[PDB]
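Okay, my_file.txt is below, compact mmCIF, C-alpha atoms:
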# COMPACT_ATOMS: atom_id res chain seq x y z
CA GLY B 1 0.00 0.00 0.00
CA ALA B 2 1.09 3.54 -0.87
CA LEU B 3 1.15 5.21 2.52
CA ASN B 4 0.37 8.92 2.79
CA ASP B 5 3.62 10.85 2.55
CA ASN B 6 1.01 13.57 2.17
CA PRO B 7 0.26 13.93 5.91
CA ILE B 8 -3.40 14.70 5.12
CA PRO B 9 -5.15 11.56 6.39
CA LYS B 10 -7.60 9.69 4.23
CA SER B 11 -10.14 10.06 7.05
CA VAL B 12 -10.13 11.78 10.45
CA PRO B 13 -12.56 11.81 13.40
CA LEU B 14 -14.72 14.82 14.15
CA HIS B 15 -12.50 17.68 15.33
CA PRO B 16 -14.46 19.80 17.84
CA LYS B 17 -13.84 23.01 15.88
CA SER B 18 -15.47 21.40 13.02
CA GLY B 19 -17.77 19.61 15.41
CA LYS B 20 -19.36 23.05 15.56
CA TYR B 21 -19.10 23.26 11.77
CA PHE B 22 -20.77 19.83 11.62
CA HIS B 23 -23.58 21.14 13.80
CA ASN B 24 -24.26 23.69 11.10
CA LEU B 25 -24.28 20.95 8.46
CA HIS B 26 -27.93 20.37 7.65
CA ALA B 27 -30.29 20.34 4.72
CA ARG B 28 -32.13 23.63 4.46
CA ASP B 29 -35.77 23.65 5.51
CA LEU B 30 -37.56 23.93 2.18
CA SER B 31 -40.94 23.05 3.71
CA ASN B 32 -41.84 26.75 3.68
CA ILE B 33 -41.31 26.79 -0.08
CA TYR B 34 -43.48 23.69 -0.38
CA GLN B 35 -46.22 25.31 1.71
CA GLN B 36 -46.08 28.33 -0.59
CA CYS B 37 -46.38 25.94 -3.54
CA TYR B 38 -49.30 24.11 -1.95
CA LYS B 39 -51.11 27.37 -1.20
CA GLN B 40 -50.56 28.51 -4.79
CA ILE B 41 -51.91 25.21 -6.09
CA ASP B 42 -54.98 25.46 -3.85
CA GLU B 43 -55.61 28.97 -5.17
CA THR B 44 -55.08 27.55 -8.66
CA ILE B 45 -57.74 24.94 -7.94
CA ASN B 46 -60.16 27.58 -6.67
CA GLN B 47 -59.58 29.86 -9.66
CA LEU B 48 -59.74 26.89 -12.04
CA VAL B 49 -63.21 26.18 -10.68
CA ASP B 50 -64.00 29.90 -10.81
CA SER B 51 -63.07 30.45 -14.44
CA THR B 52 -63.61 27.19 -16.31
CA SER B 53 -66.82 27.27 -18.28
CA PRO B 54 -68.97 24.33 -17.12
CA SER B 55 -70.25 24.11 -20.71
CA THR B 56 -66.67 23.69 -21.98
CA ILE B 57 -64.86 20.38 -21.53
CA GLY B 58 -61.11 19.87 -21.76
CA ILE B 59 -59.91 20.52 -18.22
CA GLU B 60 -59.16 16.84 -17.55
CA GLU B 61 -55.73 17.26 -19.15
CA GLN B 62 -55.08 20.43 -17.13
CA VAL B 63 -56.02 18.67 -13.90
CA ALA B 64 -54.01 15.56 -14.77
CA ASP B 65 -50.92 17.60 -15.63
CA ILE B 66 -51.16 19.64 -12.43
CA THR B 67 -51.82 16.36 -10.60
CA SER B 68 -48.56 14.93 -11.90
CA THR B 69 -46.85 18.25 -11.17
CA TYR B 70 -48.04 18.32 -7.57
CA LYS B 71 -47.15 14.67 -7.05
CA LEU B 72 -43.70 15.52 -8.41
CA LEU B 73 -43.45 18.53 -6.08
CA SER B 74 -44.59 16.46 -3.10
CA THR B 75 -42.03 13.86 -4.14
CA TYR B 76 -39.35 16.57 -4.12
CA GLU B 77 -40.46 17.73 -0.68
CA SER B 78 -40.37 14.13 0.53
CA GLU B 79 -36.92 13.68 -0.99
CA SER B 80 -35.73 16.73 0.92
CA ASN B 81 -37.42 15.45 4.10
CA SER B 82 -35.76 12.04 3.81
CA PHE B 83 -32.53 13.81 2.91
CA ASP B 84 -32.73 15.80 6.15
CA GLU B 85 -33.61 12.65 8.10
CA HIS B 86 -30.65 10.83 6.53
CA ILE B 87 -28.49 13.85 7.35
CA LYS B 88 -29.57 13.64 10.99
CA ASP B 89 -29.01 9.88 11.23
CA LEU B 90 -25.73 10.16 9.33
CA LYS B 91 -24.56 12.96 11.62
CA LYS B 92 -25.45 10.92 14.71
CA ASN B 93 -23.66 7.82 13.41
CA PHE B 94 -20.63 9.78 12.20
CA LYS B 95 -20.30 11.53 15.56
CA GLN B 96 -20.60 8.23 17.42
CA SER B 97 -18.03 6.50 15.21
CA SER B 98 -15.60 9.43 15.16
CA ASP B 99 -15.78 9.85 18.93
CA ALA B 100 -15.20 6.09 19.06
CA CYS B 101 -12.09 6.83 16.94
CA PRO B 102 -9.06 8.39 18.65
CA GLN B 103 -8.81 12.17 18.48
CA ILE B 104 -6.09 13.79 16.40
CA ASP B 105 -2.55 14.43 17.62
CA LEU B 106 0.81 13.96 15.89
CA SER B 107 0.81 10.25 16.67
CA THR B 108 -2.75 9.81 15.53
CA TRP B 109 -1.94 12.12 12.62
CA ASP B 110 0.58 9.61 11.34
CA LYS B 111 -1.72 6.67 12.12
CA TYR B 112 -4.70 8.23 10.32
CA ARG B 113 -2.64 9.37 7.33
CA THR B 114 -0.98 5.96 6.96
CA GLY B 115 -4.30 4.16 7.37
CA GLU B 116 -3.35 2.72 10.75
CA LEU B 117 -6.24 4.67 12.27
CA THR B 118 -9.44 4.90 10.24
CA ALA B 119 -12.35 7.15 11.18
CA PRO B 120 -15.67 7.85 9.48
CA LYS B 121 -15.29 10.46 6.75
CA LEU B 122 -18.32 12.70 6.38
CA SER B 123 -17.68 13.00 2.64
CA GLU B 124 -17.43 9.21 2.34
CA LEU B 125 -20.31 8.61 4.76
CA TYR B 126 -22.44 11.19 2.94
CA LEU B 127 -21.78 9.21 -0.22
CA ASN B 128 -22.75 6.16 1.85
CA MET B 129 -25.64 8.12 3.33
CA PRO B 130 -28.96 6.72 2.06
CA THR B 131 -30.16 8.54 -1.02
CA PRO B 132 -33.05 10.98 -0.46
CA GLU B 133 -36.25 8.98 -0.93
CA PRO B 134 -39.86 10.12 -0.84
CA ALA B 135 -40.44 10.26 2.92
CA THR B 136 -44.10 11.04 3.65
CA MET B 137 -45.04 12.49 0.28
CA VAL B 138 -47.15 15.56 0.91
CA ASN B 139 -50.31 14.35 -0.75
CA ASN B 140 -52.57 14.92 2.25
CA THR B 141 -53.34 18.48 1.20
CA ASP B 142 -56.71 19.08 -0.44
CA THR B 143 -54.54 19.87 -3.47
CA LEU B 144 -54.00 16.27 -4.52
CA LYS B 145 -57.57 15.33 -3.67
CA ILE B 146 -58.88 17.84 -6.19
CA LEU B 147 -56.04 17.25 -8.66
CA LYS B 148 -56.99 13.59 -8.63
CA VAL B 149 -60.78 13.81 -8.69
CA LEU B 150 -61.30 16.98 -10.80
CA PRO B 151 -61.12 15.37 -14.27
CA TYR B 152 -64.02 13.15 -13.22
CA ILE B 153 -65.77 15.99 -11.40
CA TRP B 154 -65.46 18.01 -14.59
CA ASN B 155 -67.03 15.11 -16.50
CA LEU R 300 11.09 18.83 10.94
CA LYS R 301 11.51 17.42 7.44
CA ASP R 302 8.15 15.76 8.03
CA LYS R 303 6.71 19.05 9.35
CA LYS R 304 7.52 20.74 6.05
CA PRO R 305 5.08 18.42 4.20
CA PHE R 306 2.75 18.96 7.16
CA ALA R 307 2.68 22.69 6.42
CA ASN R 308 2.38 22.17 2.66
CA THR R 309 -0.59 19.83 2.92
CA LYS R 310 -2.10 22.02 5.64
CA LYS R 311 -2.18 24.78 3.03
CA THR R 312 -3.68 22.19 0.68
CA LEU R 313 -6.39 21.47 3.26
CA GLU R 314 -7.14 25.19 3.61
CA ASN R 315 -7.47 25.45 -0.17
CA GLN R 316 -9.86 22.49 -0.11
CA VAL R 317 -11.93 24.24 2.57
CA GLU R 318 -12.12 27.44 0.52
CA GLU R 319 -13.01 25.69 -2.74
CA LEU R 320 -15.69 23.49 -1.17
CA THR R 321 -17.24 26.44 0.68
CA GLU R 322 -17.34 28.37 -2.59
CA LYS R 323 -18.95 25.39 -4.32
CA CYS R 324 -21.55 25.23 -1.54
CA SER R 325 -22.23 28.94 -2.04
CA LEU R 326 -22.61 28.50 -5.80
CA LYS R 327 -24.96 25.53 -5.45
CA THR R 328 -26.90 27.58 -2.90
CA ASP R 329 -27.15 30.42 -5.43
CA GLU R 330 -28.42 28.06 -8.13
CA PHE R 331 -30.97 26.56 -5.74
CA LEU R 332 -32.06 30.08 -4.74
CA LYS R 333 -32.50 30.92 -8.42
CA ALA R 334 -34.72 27.86 -8.76
CA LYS R 335 -36.67 29.16 -5.76
CA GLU R 336 -37.00 32.54 -7.48
CA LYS R 337 -38.43 30.84 -10.56
CA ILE R 338 -40.89 28.99 -8.32
CA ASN R 339 -41.92 32.31 -6.74
CA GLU R 340 -42.37 33.84 -10.20
CA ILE R 341 -44.68 30.94 -11.04
CA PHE R 342 -46.50 31.70 -7.78
CA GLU R 343 -47.03 35.27 -8.99
CA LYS R 344 -48.23 34.00 -12.37
CA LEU R 345 -50.79 31.82 -10.60
CA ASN R 346 -52.25 34.87 -8.84
CA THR R 347 -52.70 36.53 -12.23
CA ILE R 348 -55.01 33.62 -13.03
CA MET U 796 -3.33 19.36 11.30
CA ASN U 797 -3.06 22.65 13.21
CA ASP U 798 -3.06 20.77 16.50
CA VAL U 799 -0.70 18.15 15.07
CA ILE U 800 1.83 20.73 13.92
CA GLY U 801 1.62 22.41 17.31
CA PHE U 802 2.32 19.09 19.03
CA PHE U 803 5.21 18.36 16.67
CA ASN U 804 6.68 21.80 17.38
CA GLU U 805 6.40 21.20 21.13
CA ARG U 806 8.00 17.75 21.00
CA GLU U 807 10.81 18.98 18.78
CA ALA U 808 11.37 22.02 21.00
CA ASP U 809 11.92 19.54 23.83
CA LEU U 810 14.18 17.37 21.68
CA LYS U 811 16.14 20.40 20.44
CA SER U 812 16.61 21.62 24.00
CA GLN U 813 17.92 18.22 25.10
CA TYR U 814 20.13 17.78 22.03
CA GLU U 815 21.61 21.28 22.26
CA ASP U 816 22.23 20.90 25.99
CA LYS U 817 24.06 17.62 25.50
CA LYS U 818 25.98 18.94 22.48
CA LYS U 819 27.13 21.82 24.68
CA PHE U 820 28.02 19.28 27.37
CA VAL U 821 30.11 17.34 24.83
CA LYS U 822 31.77 20.58 23.69
CA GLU U 823 32.66 21.13 27.34
CA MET U 824 34.02 17.57 27.38
CA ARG U 825 35.77 18.24 24.03
CA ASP U 826 37.97 19.24 25.43
CA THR U 827 37.47 19.27 29.18
CA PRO U 828 40.23 21.06 31.14
CA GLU U 829 40.63 17.90 33.22
CA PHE U 830 40.72 15.93 29.96
CA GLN U 831 43.37 18.27 28.55
CA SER U 832 45.45 18.14 31.74
CA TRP U 833 45.31 14.34 31.83
CA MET U 834 46.31 14.14 28.16
CA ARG U 835 49.18 16.57 28.80
CA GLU U 836 50.36 14.47 31.75
CA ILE U 837 50.06 11.27 29.70
CA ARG U 838 52.07 12.75 26.83
CA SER U 839 54.56 14.34 29.24
CA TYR U 840 56.23 11.01 30.02
CA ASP U 841 59.34 10.05 28.10
CA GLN U 842 59.45 6.96 25.89
CA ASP U 843 60.31 4.29 28.46
CA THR U 844 58.34 6.02 31.23
CA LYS U 845 55.19 6.21 29.11
CA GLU U 846 55.67 2.60 27.97
CA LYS U 847 55.99 1.38 31.56
CA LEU U 848 53.03 3.48 32.69
CA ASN U 849 50.95 2.05 29.83
CA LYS U 850 51.97 -1.48 30.83
CA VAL U 851 50.97 -0.75 34.43
CA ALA U 852 47.74 0.71 33.04
CA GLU U 853 47.02 -2.58 31.30
CA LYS U 854 47.89 -4.44 34.51
CA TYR U 855 45.64 -2.30 36.72
CA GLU U 856 42.69 -2.18 34.32
CA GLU U 857 42.87 -5.96 33.96
CA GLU U 858 42.57 -5.98 37.76
CA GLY U 859 40.29 -2.94 37.76
CA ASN U 860 42.90 -1.24 39.94
CA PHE U 861 43.37 1.73 37.60
CA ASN U 862 41.14 4.10 39.54
CA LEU U 863 41.56 7.04 41.88
CA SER U 864 40.58 4.78 44.79
CA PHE U 865 43.25 2.09 44.42
CA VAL U 866 45.99 4.49 43.29
CA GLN U 867 45.32 6.89 46.17
CA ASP U 868 45.16 4.00 48.65
CA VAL U 869 48.57 2.78 47.50
CA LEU U 870 49.86 6.35 47.81
CA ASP U 871 48.54 6.69 51.36
CA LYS U 872 49.82 3.24 52.37
CA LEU U 873 53.34 4.04 51.19
CA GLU U 874 53.11 7.47 52.83
CA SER U 875 52.13 5.88 56.15
CA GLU U 876 54.97 3.38 55.85
CA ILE U 877 57.49 6.12 55.00
CA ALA U 878 56.58 9.01 57.30
CA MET U 879 56.18 6.84 60.39
CA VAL U 880 59.39 4.91 59.62
CA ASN U 881 61.70 7.92 59.60
CA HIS U 882 64.73 7.36 57.38
CA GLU U 884 76.32 9.51 54.08
CA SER U 885 76.82 9.34 57.84
CA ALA U 886 75.82 5.67 57.97
CA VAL U 887 78.05 4.60 55.07
CA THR U 888 81.03 6.69 56.18
CA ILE U 889 80.81 5.54 59.80
CA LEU U 890 80.52 1.96 58.56
CA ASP U 891 83.68 2.41 56.50
CA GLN U 892 85.51 3.83 59.52
CA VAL U 893 84.25 0.89 61.58
CA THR U 894 85.46 -1.63 59.02
CA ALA U 895 88.91 -0.09 58.60

Taking this structure as input, can you express it in the form of structure tokens?
Amino acid sequence: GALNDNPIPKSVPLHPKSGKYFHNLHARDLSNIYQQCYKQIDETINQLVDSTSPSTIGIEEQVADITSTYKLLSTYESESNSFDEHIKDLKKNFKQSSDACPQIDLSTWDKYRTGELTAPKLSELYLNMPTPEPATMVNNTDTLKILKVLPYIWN
Amino acid sequence: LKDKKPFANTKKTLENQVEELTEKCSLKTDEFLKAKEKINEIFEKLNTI
Amino acid sequence: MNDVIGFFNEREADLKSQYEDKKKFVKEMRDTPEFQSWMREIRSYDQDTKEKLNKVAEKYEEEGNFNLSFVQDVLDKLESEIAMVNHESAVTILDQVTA
């Protein structure tokens, strides 16, 4: 094995200075943006009822497209939610493993750089972090109820 | 001390990595904020309806 | 790495202090005034005297005698035997007696 003559270790445990930095590591709360989206879609539903001529058919495609759009948007919100949950779990596990790994001094510097000491690497663990999945897709708004039933209600 | 010289060099390398990755985070944040701005513009368009 | 470099600097400050102190100690020993005086005394002997003293050095160091303790004890023993036993008149009076 090619040891690190580059004293930068392949992986190091959580240094407290960056432990604080690690505390700031989080996915941004986008749920406010999603609530804005959901409110806009509800207003879109209301105005779609308000404007569409009941004598004119052809809103089924509009409702289906906005249905797919809102499912996609809820999927994105759920992806971000599961991403944040995975960030939390990953942070907990990384902190536990790093604290289980010896802290960094010159001796541990050489051990970590040469691979003698191995610690969780947040870059590596983040790659190993579970991919954001749809966690609790936000379909429980009245938005998807109307976006689902409104083609048929229009009929 | 001969070791310490590479220690200093790769410490500077680490600092450069910090700077570049923070800048990349800022740029991705800017792009995501631009996406948010487009979403807000679509919000405004919806109110026109 | 910041902490590591600090620790390395501390450890090498300690090692540099020790190494410089002992290098200065060696410089004192190279050459110590006692060392120089002993070398001057050793080289001050003539040929046969230095040869005999080297042979006695081999003898004593084979016995472990070549030390300040044994040498000084021999000195003091001979001094006690000489000073307590106080030492031409004899020879001349003997010649008169014989004639």

Checklist entry - Got a sec to pull out which chain B residues are within 8 Å of chain U, counting only C-alpha atoms, and send them as a ChimeraX atom specification? => result /B:8,104-106,109

Next on the checklist: Could you tell me which residues of chain R sit within 10 Å of chain B when counting only C-alpha atoms, and give me the result as number ranges by chain?
Outcome noted: R: 302-310, 312-313, 328, 335, 338-339, 341-348

Padding 5 Å on every side, please: axis-aligned box over the listed atoms of segment 840-849 of chain U, centre and edge lengths to one decimal in Å, as JSON.
{"center_x": 55.6, "center_y": 6.2, "center_z": 29.3, "size_x": 19.4, "size_y": 19.6, "size_z": 16.8}

Next on the checklist: As an exercise, work out the distance from atom CA of residue 14 of chain B to atom CA of residue 319 of chain R in Å and give it to one decimal place.
Outcome noted: 20.2 Å

Item to check | Two-atom distance - atom CA of residue 140 of chain B, atom CA of residue 74 of chain B (Å) | outcome: 9.7 Å

Item to check | All residues 10 Å or closer to residue 125 of chain B, all atoms listed in the file, same chain fewer than 3 positions away omitted, as a PyMOL selection string | outcome: chain B and resi 90-91+93-94+120-122+128-130

File dump, residues just selected, C-alpha atoms, as a PDB file, in the frame of the given file:
ATOM      1  CA  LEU B  90     -25.730  10.160   9.330  1.00  0.00           C
ATOM      2  CA  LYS B  91     -24.560  12.960  11.620  1.00  0.00           C
ATOM      3  CA  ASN B  93     -23.660   7.820  13.410  1.00  0.00           C
ATOM      4  CA  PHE B  94     -20.630   9.780  12.200  1.00  0.00           C
ATOM      5  CA  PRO B 120     -15.670   7.850   9.480  1.00  0.00           C
ATOM      6  CA  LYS B 121     -15.290  10.460   6.750  1.00  0.00           C
ATOM      7  CA  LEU B 122     -18.320  12.700   6.380  1.00  0.00           C
ATOM      8  CA  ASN B 128     -22.750   6.160   1.850  1.00  0.00           C
ATOM      9  CA  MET B 129     -25.640   8.120   3.330  1.00  0.00           C
ATOM     10  CA  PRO B 130     -28.960   6.720   2.060  1.00  0.00           C
TER      11      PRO B 130
END

If I only want segment 127-148 of chain B, can you write it with N, CA and C atoms, as an mmCIF file, in the first residue's frame?
data_model
loop_
_atom_site.group_PDB
_atom_site.id
_atom_site.type_symbol
_atom_site.label_atom_id
_atom_site.label_comp_id
_atom_site.auth_asym_id
_atom_site.auth_seq_id
_atom_site.Cartn_x
_atom_site.Cartn_y
_atom_site.Cartn_z
ATOM 1 N N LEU B 127 -21.589 10.067 0.945
ATOM 2 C CA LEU B 127 -21.775 9.210 -0.220
ATOM 3 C C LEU B 127 -22.476 7.915 0.170
ATOM 4 N N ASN B 128 -22.112 7.349 1.319
ATOM 5 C CA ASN B 128 -22.750 6.155 1.851
ATOM 6 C C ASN B 128 -24.068 6.466 2.540
ATOM 7 N N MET B 129 -24.372 7.743 2.742
ATOM 8 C CA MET B 129 -25.643 8.123 3.327
ATOM 9 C C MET B 129 -26.769 7.682 2.399
ATOM 10 N N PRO B 130 -27.870 7.162 2.936
ATOM 11 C CA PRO B 130 -28.963 6.722 2.064
ATOM 12 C C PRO B 130 -29.445 7.867 1.189
ATOM 13 N N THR B 131 -29.731 7.537 -0.063
ATOM 14 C CA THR B 131 -30.157 8.542 -1.020
ATOM 15 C C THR B 131 -31.510 9.109 -0.598
ATOM 16 N N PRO B 132 -31.725 10.423 -0.750
ATOM 17 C CA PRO B 132 -33.049 10.983 -0.456
ATOM 18 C C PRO B 132 -34.155 10.278 -1.223
ATOM 19 N N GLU B 133 -35.097 9.733 -0.470
ATOM 20 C CA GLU B 133 -36.247 8.980 -0.932
ATOM 21 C C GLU B 133 -37.510 9.763 -0.627
ATOM 22 N N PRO B 134 -38.629 9.442 -1.257
ATOM 23 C CA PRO B 134 -39.861 10.115 -0.843
ATOM 24 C C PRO B 134 -40.305 9.662 0.538
ATOM 25 N N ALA B 135 -40.048 10.509 1.534
ATOM 26 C CA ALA B 135 -40.438 10.264 2.917
ATOM 27 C C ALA B 135 -41.694 11.074 3.198
ATOM 28 N N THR B 136 -42.831 10.391 3.339
ATOM 29 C CA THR B 136 -44.102 11.043 3.648
ATOM 30 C C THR B 136 -44.422 12.099 2.587
ATOM 31 N N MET B 137 -44.663 11.604 1.373
ATOM 32 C CA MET B 137 -45.040 12.486 0.280
ATOM 33 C C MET B 137 -46.236 13.331 0.684
ATOM 34 N N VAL B 138 -46.126 14.633 0.445
ATOM 35 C CA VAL B 138 -47.145 15.562 0.906
ATOM 36 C C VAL B 138 -48.250 15.563 -0.130
ATOM 37 N N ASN B 139 -49.137 14.608 0.051
ATOM 38 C CA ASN B 139 -50.309 14.349 -0.748
ATOM 39 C C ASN B 139 -51.563 14.560 0.070
ATOM 40 N N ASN B 140 -51.421 14.800 1.374
ATOM 41 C CA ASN B 140 -52.568 14.919 2.251
ATOM 42 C C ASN B 140 -53.213 16.292 2.190
ATOM 43 N N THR B 141 -52.650 17.222 1.429
ATOM 44 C CA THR B 141 -53.337 18.478 1.202
ATOM 45 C C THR B 141 -54.586 18.228 0.360
ATOM 46 N N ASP B 142 -55.539 19.159 0.436
ATOM 47 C CA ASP B 142 -56.708 19.083 -0.436
ATOM 48 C C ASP B 142 -56.307 19.224 -1.897
ATOM 49 N N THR B 143 -55.079 19.696 -2.130
ATOM 50 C CA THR B 143 -54.544 19.870 -3.472
ATOM 51 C C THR B 143 -54.571 18.576 -4.270
ATOM 52 N N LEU B 144 -53.997 17.496 -3.735
ATOM 53 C CA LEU B 144 -53.998 16.269 -4.522
ATOM 54 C C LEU B 144 -55.371 15.630 -4.570
ATOM 55 N N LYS B 145 -56.212 15.852 -3.561
ATOM 56 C CA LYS B 145 -57.567 15.331 -3.666
ATOM 57 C C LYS B 145 -58.293 15.911 -4.869
ATOM 58 N N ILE B 146 -58.253 17.238 -5.018
ATOM 59 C CA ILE B 146 -58.885 17.840 -6.187
ATOM 60 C C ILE B 146 -58.134 17.526 -7.478
ATOM 61 N N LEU B 147 -56.800 17.561 -7.456
ATOM 62 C CA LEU B 147 -56.038 17.254 -8.662
ATOM 63 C C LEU B 147 -56.240 15.831 -9.135
ATOM 64 N N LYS B 148 -56.682 14.955 -8.252
ATOM 65 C CA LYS B 148 -56.985 13.592 -8.626
ATOM 66 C C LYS B 148 -58.424 13.460 -9.101
#
